[PDB]
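J.: Sequence plus experimental coordinates follow:
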Amino acid sequence: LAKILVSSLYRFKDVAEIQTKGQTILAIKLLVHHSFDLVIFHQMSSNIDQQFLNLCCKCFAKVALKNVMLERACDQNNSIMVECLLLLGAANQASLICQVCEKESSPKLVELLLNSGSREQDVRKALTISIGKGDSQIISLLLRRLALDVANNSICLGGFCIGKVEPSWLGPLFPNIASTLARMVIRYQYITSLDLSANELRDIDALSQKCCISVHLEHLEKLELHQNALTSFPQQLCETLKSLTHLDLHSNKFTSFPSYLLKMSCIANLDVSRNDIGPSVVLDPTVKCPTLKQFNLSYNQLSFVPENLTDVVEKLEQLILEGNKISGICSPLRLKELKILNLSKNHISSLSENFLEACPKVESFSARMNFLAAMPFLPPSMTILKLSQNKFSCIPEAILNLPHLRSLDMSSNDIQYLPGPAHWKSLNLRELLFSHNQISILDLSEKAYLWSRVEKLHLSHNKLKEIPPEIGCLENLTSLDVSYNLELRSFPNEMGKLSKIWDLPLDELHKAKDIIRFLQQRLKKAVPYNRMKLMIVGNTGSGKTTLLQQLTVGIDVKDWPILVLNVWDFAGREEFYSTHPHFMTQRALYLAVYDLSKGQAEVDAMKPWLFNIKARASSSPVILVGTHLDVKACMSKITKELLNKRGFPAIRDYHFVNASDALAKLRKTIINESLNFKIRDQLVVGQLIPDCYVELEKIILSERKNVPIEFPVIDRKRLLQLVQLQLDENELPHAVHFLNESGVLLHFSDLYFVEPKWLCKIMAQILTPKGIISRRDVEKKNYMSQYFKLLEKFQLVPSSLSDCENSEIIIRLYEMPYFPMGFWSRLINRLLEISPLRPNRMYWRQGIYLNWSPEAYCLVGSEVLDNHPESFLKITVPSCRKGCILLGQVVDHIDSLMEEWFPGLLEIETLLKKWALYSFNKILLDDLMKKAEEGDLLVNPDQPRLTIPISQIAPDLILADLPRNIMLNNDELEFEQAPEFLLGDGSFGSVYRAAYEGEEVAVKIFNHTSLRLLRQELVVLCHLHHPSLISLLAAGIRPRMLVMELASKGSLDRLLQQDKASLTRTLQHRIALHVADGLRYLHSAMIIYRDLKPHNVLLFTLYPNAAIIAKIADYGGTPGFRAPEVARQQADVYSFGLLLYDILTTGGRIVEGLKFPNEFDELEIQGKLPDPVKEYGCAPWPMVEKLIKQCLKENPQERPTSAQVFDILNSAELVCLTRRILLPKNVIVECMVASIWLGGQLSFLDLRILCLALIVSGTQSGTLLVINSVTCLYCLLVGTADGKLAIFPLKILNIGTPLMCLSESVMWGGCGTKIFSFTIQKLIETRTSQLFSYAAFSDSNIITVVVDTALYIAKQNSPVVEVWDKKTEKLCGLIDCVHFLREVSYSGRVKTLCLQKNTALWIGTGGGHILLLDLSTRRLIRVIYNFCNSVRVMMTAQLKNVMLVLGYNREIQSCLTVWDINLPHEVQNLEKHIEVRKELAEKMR
Amino acid sequence: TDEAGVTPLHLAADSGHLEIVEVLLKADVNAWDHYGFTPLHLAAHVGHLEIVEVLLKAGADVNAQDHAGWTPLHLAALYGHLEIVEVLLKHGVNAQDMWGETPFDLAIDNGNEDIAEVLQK
Ligand SMILES: C[C@@H]1CN(c2cc(-c3n[nH]c4ccc(OC5(C)CC5)cc34)ncn2)C[C@H](C)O1
Ligand SMILES: Nc1nc2c(ncn2[C@@H]2O[C@H](COP(=O)(O)OP(=O)(O)O)[C@@H](O)[C@H]2O)c(=O)[nH]1
């Protein structure tokens, strides 16, 4: 514009008032562009005159764009611009704090940017920048806002990697003019725990001898130096502080034990878990400190044992030596207080007889993975013993002799005979694991009554023979692990007596209440089962019904008694061919038809029928039958040569029946084959089933005649109306499942289809461009509702539907001998979902070819190669990344369909060769061979100079659908499957820790898994970025592992069980809020979790007001964390409620599996929960105690959404309220005092009288009684109805006109409509305020006044509060409460005022609204709505600092409530933290 | 009006200036503000007769309800203005606000027993 003027003000900085005319600036943008900020700053800092200051500020108001004004101002370190601009708004935006820290500056500026709001990551970056530069002031204030916890009285310091620590850094950590300018411009407009986890401290010698904080830290009582790099800890420091009793310095690099650290005053929980102390750790003698409780001296070079404990320590409860190098036989160990000791992973051959026969209270001896063969006389005090994975040949007799054994796990042992309970002598057995062992007998009939309390018995991977029903005498059993036996194949009916079992591991050995109830029914009544399925099969129309007549549309189900077998006359017309695999059950025996009149042609043409039979029911014998012998019998030659058991199903017989004569032989052979079936050696034509099933079958058969002929489909209650048998709720599902397996009725879901002939004649009646049709329902009224769902899902009509540079595309083949029966009509139905907008897809009977663009297409066809007898599908897809994703997804769908519908095909030739074609410049390649060639990432032929990347040709094998950023580098990762490098177990595998381009990045190693489940897990885990989600870094294929981030402070279960005192009232809510946010994101992504529990929630930092505190771990149920009906969608919310219940409880629902394991599941079936506060004694916490009750509703349709529960958790009222005490109905109270006392009668409460003081009383008659019209009291002051006073009657200074308020903060008060102060000092008239607001408010009684820098006046029945200056003695102004109310029934009449030292005033309206205000900025914080209907009295009480609120729930119900003193600060903190979290979530993508 | 929302005749009625309210009437008789207060409500609060009966004769609502559901009868009973109470009574007693108290109840809490007898019969 004009730089001449700015050049003039450049000189005008020191010039006279001539600069005032420069007025002309505000008379008329880019004014501040060059130097305007600096000139105005010399102006207002030039010994500041008010006349010029006002015009300068008026000109400056045009600037308020605002951010860039600060950015130019923030360039030069200057507190006045800092404070003024922060008051005007505009600090963590660009950053700015980092550059101010980098530039030389003063503490005041950085303190302003810190306390005005700054992103945690930016503050950490600025701190790391400033660490290198020598400084002791700016970093000191940075720590104040970065890592200080006054609420917990502790100073954490974790992830922020500081180079070293020095005493001057933690100085203050251990315990104006701008406002005037801003206001007028606006008008114109003892530490306990110290954490040093991740700070790579090479040494700690800095603050060792004597410093500023050495005396301050002398009573620290908790110090953390873990994960550090310490060595040779200085003995000077341990003498320096004489109160430390929680020091845990592990993962450091030590050489020899200090032995002077134990010379500490009173130290406990000394933990060195990874320090490499030398071979000998013998403690120095002559030091008797009886304070150590837990001693984790683990993972060391200790060939011997610490043979110093017996002489020195007297209370070494948890003396642990797990994983040491302990080789020799241990000393007699004369300690007399050892409670829990571990010797796992040591090298121990045996123990001496006196090795353990010294401690009288060893209760938890355990030595896992040791070469142990004998166990020398454990003292009787032991209760839990873990001796798994040892060289045990038989259970040592000493174990049989201890009286009070509770839990014993001797897994991974090679013993032969386990002793009977008549030798155990212990009736309190709880858990007994004996997996990985060679046990053949389970003799218990000797004495079973001794075993009554056994809960979890494990015998997996054992060569058992049979289960004796005597084990049914066991009652408290909960989990019987009998899987992998492969030798039992039976179940004694007495198992039904064990109703307490909720899990059963049956895998490869041949749930919960269903199996046990079935066994109970069989025990009550068992009858032989005589019903089999005989599915006759034909080809294009032949002697099918004629053969049945001697012995077509749909399947024509018929019953044929002889046992009884039902004949299913399947269809011959190819059009009906789509639905047939739905009825080819595994337990049946199929016929066939030759029609020998056609000779050699027909037997080969009918081969696909046997192919389909082999694919569906491989273990089903077949009876081949000719049906045209009347009219060339050489077909027997090919039947014996090629059609035999070579590749096609297990043919058992073939006949040449005429149509008579050979029918007798046919019938005899059918009976012989059906009787001798032996499906997996079971003879299932004569199996045993409960008579309840047979009675139900008879009931259904009888009801078949008595049913609507047109629609014989009965309702869900129609089964109930039939029953007079005895079947409970759980019997019906398994019963109908068995009946459906027996071919009596169909049920897949509120309707039961009886008379399957009608269903299979009508549901397939629809069969009788081309292939597409719209709604054209004819023949047969409310049927369509389920008819469309049944028809579309089972059978647009897919059936009968219209029968290139070679390097940029990828092709795959899945060659099969023939296409299975219902293959395409289901594959094309499944491939209507795949996507990275509706694509275009011209799909014919055997193809799809769905595409969005030339860069996104997928073509699945029906390839017919030259000189190729069998048919196969070819799939083509462009070699782009999106194409690779599509290929992976579609091939996953293909193999899922194959494994879920034709198990016979993919059963180890294998009849399914998955070819992958490639071309260096096409060449066949087996997918199995390609998978085997995973040792490298490049495939090359015998000729070496040419090669192809693996991902280019097999994108499904090596991760290419996933982002290329998820690609682990073997040289970086160090994932070793060690038994301590793991962090926990979960779902389909476990998680470990390893170094990978970082500190300790976790690795999820997979267990038996497959690259088909791996694909799904990777695809769900990736492409999902959220602050509450545990994001993964990389993936590898060599272990086939994942890489994840670290929960720095552990998992929530460990937090609850170990450190229950570290959970603050703001920490529990923060964890709940973040878990709710993660669940909200999961639901918004349409993914269920059903896994919420303390074991699954991970904590990062224990700093309350952080940005990331809790996250939700792996997500694809639990006895203690069960869903309402799914585990015993909206089911996630109920699991969330259980998580909230325990967090509120702090370890009640958990730690309830040891005294009553099933009690965490056996009382929450339908809305039954104990009251948490009374049940567990935890601190009361309403408005979330009601939230859990209102969220975990029994009706899933009544439970709120995850977004709604997150929103309700996002409220400081839920965080600040601590009590809500009710009062008896129809009782009114008008006054309370500082237990709590209330108001001719009197009321009292523990957590007509007018007003009371503390003990004083007084009623409408103003009774001057002496106990231990009065209108106001204080504490001694008394006010009457016509302006009197009392200094008791020491003095009565009459001023009246009733006195009604007296306050102190020289006291102040009110009388009528006039304020006094004191001997009356200043009686300022207040009625003269009618120019603002109504005159009626000014001319009214004054109810309450509070004393501060200003004076706040509240008058009765007024919606406006007045402010009068204390010194100026003039009306400073009015604050209109209704204006706040209108922004948000509302009354607005002020009833009481309360003042807080942080310049926050809380005003109680007549209605149920509490207005928060800030005196510094005169801005509303919020309105406390929904609270009550009235508010009468508020006053601060030092319980914790909290001020109560009284109200009526008008029907009259008076209520009391307690709010935290930090309500506005908490509101600001929560509002800042939610915004920061939202910004982080936005930035994650 | 003003930023909060009120008309000058409201101030005139509350301050009891007869000439000003009369000359302004010669605006809205039932003008309601952001509080919902009526000029009749303010006149009853101040208890200043002639504006009360003039506004009642001018067409002011007999049972106008403010934000707090208080009638001018309620305010007159509350502040001890019995004369306003009967003046409104012959202009046409069971009306309840959200809290649900008649002017009888207001007289009861404030002790205006003189207004209490008038309201019952
Ligand atoms: C105290 C110790 C415990 N720790 C952890 C870490 C984790 C953890 N991190 N990342 C994970 C990713 C997945 C994960 O899936 C679970 C919940 C299935 C185990 C756990 C973690 N879970 C417990 N504890 C980390 C170390 C340093 O500290
Ligand atoms: N000549 C002769 N014809 C037969 C014989 N068995 C069946 N058919 C013919 O097959 C027809 C019956 O077909 P059907 O069994 O209902 O069909 P499908 O079982 O579904 O294949 C009749 O019309 C007969 O003419 C036979 O033994 N000899």
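T.: All right, it came through fine. Numbers count the residues shown, from 1 in each chain, chains lettered A, B, ... in the order given. Ligands and ions are numbered 1, 2, ... in the order given.
J.: Might you calculate how far the helix or strand residue A:85 falls within sits from the centre of the chain?
T.: Per DSSP states H and E, residue A:85 falls inside helix A:79-87. A distance of 43 Å separates the centroid of the chain from that of helix A:79-87, by Cα atoms, centre = their mean, to the nearest Å.
J.: other SSEs contacting that helix?
T.: Judged by 3 or more Cβ pairs under 8 Å, 6 or more residues apart in numbering or on different chains; DSSP states H and E, the packing partners of helix A:79-87 are helix A:36-45, helix A:66-75, helix A:107-115, helix A:177-188. Where you see a C-beta, it was placed from the backbone N, CA and C, and this is true even at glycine.
J.: Any chance you could list what contacts it?
T.: The contact list for helix A:79-87 (Cβ atoms under 8 Å, 6 or more residues apart in numbering or on different chains) reads A:37, A:41, A:44-45, A:66, A:69-70, A:73-74, A:106, A:108-109, A:112-113, A:116, A:176-179, A:181-182, A:185, A:1417.
J.: For ligand 2, what's the nearest residue on chain B?
T.: residue B:98 (80.3 Å; Cβ to the nearest ligand atom).
J.: follow-up on the earlier one: can you check which of the helices and strands packed on helix A:79-87 gets nearest to ligand 2?
T.: If we rank the helices and strands packed on helix A:79-87 by Cβ to the nearest ligand atom, the stretch that ends up nearest is helix A:66-75, at 83.4 Å.
J.: what residues does chain B put near ligand 2?
T.: Neighbours of ligand 2 within chain B, by Cβ under 6 Å from any ligand atom: none found.
J.: could you show me where the helices are in chain B, in order?
T.: B:8-15, B:18-25, B:39-46, B:49-58, B:72-78, B:82-89, B:103-110, B:113-120 (DSSP state H).
J.: The third one near chain A anywhere?
T.: Yes - judged by Cβ under 8 Å from any Cβ of the partner chain, helix B:39-46 comes into contact with chain A through B:42, B:45, B:46.
J.: what's near enough to touch the residue of chain B closest to ligand 2?
T.: Counting by Cβ under 8 Å, 6+ apart, residue B:98 touches A:1385, A:1387, A:1429, B:68, B:69.
J.: Number of residues surrounding the closest residue in space to residue A:1180 that isn't next to it in sequence?
T.: Sequence neighbours aside, residue A:1173 is the residue nearest to residue A:1180 in space, at 5.2 Å (criterion: Cβ to Cβ, 6 or more residues apart in numbering or on different chains). Applying other Cβ atoms under 10 Å in any protein chain shown, we find 15 residues neighbouring residue A:1173.
J.: Hmm, residue A:1182 and residue A:1173 touching each other?
T.: No - between residue A:1173 and residue A:1182 there is no contact under Cβ atoms under 8 Å: 9.1 Å.
J.: What backbone torsions are found at residue A:146?
T.: phi -90, psi -50 (degrees, to the nearest 10).
J.: re the thing from before, now the residues of helix B:39-46 next to chain A in CSV, with distance to residue A:460 and neighbour count?
T.: Putting the residues of helix B:39-46 next to chain A into CSV (distance: Cβ to Cβ, whole Å; neighbours: other Cβ atoms under 10 Å in any protein chain shown) gives the following:
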residue, distance to residue A:460, neighbour count
B:42, 87, 29
B:45, 85, 26
B:46, 90, 21
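J.: now, among these, which is nearest to chain A?
T.: The closest of the residues of helix B:39-46 next to chain A to chain A turns out to be residue B:45 (Cβ to the nearest Cβ; 4.1 Å).
J.: OK, contacts around the closest residue to the closest one other than its chain neighbours?
T.: Closest residue in space to residue B:45, ignoring its immediate chain neighbours: residue A:1336 at 4.1 Å, by Cβ to Cβ, 6+ apart. Residue A:1336 sits next to B:14, B:42, B:45, B:46 when contact means Cβ under 8 Å, 6+ apart.
J.: next one: residue A:1033
T.: So residue A:1033 contacts A:966, A:996, A:998, A:1001, A:1043, A:1044, A:1045 (Cβ under 8 Å, 6+ apart).
J.: residues near residue A:248, how many?
T.: Residue A:248: 17 neighbours (other Cβ under 10 Å).
J.: Please determine how far the residue of chain A at minimum distance from ligand 1 is located from ligand 2.
T.: Among all residues of chain A, residue A:986 sits closest to ligand 1, at 2.8 Å; criterion: Cβ to the nearest ligand atom. Distance, residue A:986 to ligand 2, using Cβ to the nearest ligand atom, to the nearest Å: 54 Å.
J.: The strand or helix carrying the residue nearest to residue A:1180: what's the following helix or strand?
T.: Using DSSP H and E, residue A:1173 falls within helix A:1172-1176. Downstream of helix A:1172-1176, the first helix or strand assigned by DSSP H and E is helix A:1185-1191.
J.: Any buried residues in that following helix, and which?
T.: Residues of helix A:1185-1191 classed as buried by neighbour count (16 or more other Cβ atoms under 10 Å in any protein chain shown): A:1185, A:1187, A:1188, A:1191.
J.: Also stretch A:1272-1279?
T.: For stretch A:1272-1279, by 16+ other Cβ under 10 Å, it's A:1272, A:1273, A:1277, A:1278, A:1279.
J.: And stretch A:549-561, by the same measure?
T.: Quick answer for stretch A:549-561 (16+ other Cβ under 10 Å): A:550, A:551, A:554, A:555, A:556, A:557.
J.: Determine which two of these are furthest apart.
T.: A:550 and A:554 (21.3 Å; Cβ to Cβ).
J.: Break chain A down into its domains, please.
T.: A:3-147+A:165-189, A:528-757, A:809-953, A:982-1044, A:1052-1210, A:1226-1440 (automatic domain parsing).
J.: May I see the ones you listed organised as CSV, with distance to residue A:355 added?
T.: Below are these laid out as CSV (distance: least, Cβ to Cβ, whole Å):
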stretch, distance to residue A:355
domain A:3-147+A:165-189, 44
domain A:528-757, 51
domain A:809-953, 49
domain A:982-1044, 30
domain A:1052-1210, 29
domain A:1226-1440, 53
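J.: Give the buried residues for stretch A:392-401.
T.: For stretch A:392-401, using 16+ other Cβ under 10 Å, the buried residues are A:392, A:395, A:396, A:399.
J.: so which strand or helix has residue A:1316?
T.: Assigned by DSSP H and E, residue A:1316 belongs to strand A:1314-1317.
J.: Past that strand, which element shows up next along the chain?
T.: Proceeding N to C from strand A:1314-1317, the next assigned helix or strand is strand A:1324-1325, under DSSP H and E.
J.: So which elements touch that following strand?
T.: Using 3+ Cβ pairs under 8 Å, 6+ apart, strand A:1324-1325 is in contact with strand A:1314-1317.
J.: List the neighbouring strands of the strand it packs on plus their orientation.
T.: Strand pairing for strand A:1314-1317, determined by DSSP bridges: strand A:1308-1311 (antiparallel), strand A:1324-1325 (antiparallel).
J.: so what's the backbone phi/psi at the residue lying closest to residue A:1196 once chain neighbours are set aside?
T.: Excluding the flanking residues, the one nearest residue A:1196 by Cβ to Cβ, 6+ apart is residue A:1130, at 4.2 Å. Dihedral pair for residue A:1130: phi -70, psi -10, per degrees, to the nearest 10.
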